[PDB]
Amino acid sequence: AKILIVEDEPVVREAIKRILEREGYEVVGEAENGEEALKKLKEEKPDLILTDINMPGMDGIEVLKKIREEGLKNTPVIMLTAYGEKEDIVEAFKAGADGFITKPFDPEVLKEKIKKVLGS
């Protein structure tokens, strides 16, 4: 499976990338902001997008909404937080998130949730 990561914090971004790769996933892009997210969505046609809930400018829910507006087939989105930020769980699921991960640095939890969403 091909994964696009949307995460503004560079070291967190790289850690997630490497964890995905250790779990056998192809990381087909890394986006630091919404502009890059939407550009790489169209260029790479990922099987799944992982998006931080909290990013500068256009926040994770707004990125999610724009991804869902593009309406490309098989573009599930899982939200994540690197800091236990759970305040926007509702708004993410209401806006069409397929999942919301609070333990993104546990390779097994990440793989389990991706596998589930991809299978659904």
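Each residue number is its position in the shown sequence, starting from 1.
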Could you check which stretch, 44-52 or 68-76, carries the larger mean CA temperature factor in the entry? 68-76
94-102 or 107-115, whichever carries the higher mean Cα B-factor: 107-115
Based on the entry's values, in what third of the chain does the Cα temperature factor of residue 60 lie: lowest, middle or highest? highest
Place residue 84 in the lowest, middle or highest third of its chain's C-alpha B-factors, as listed in the PDB entry. highest
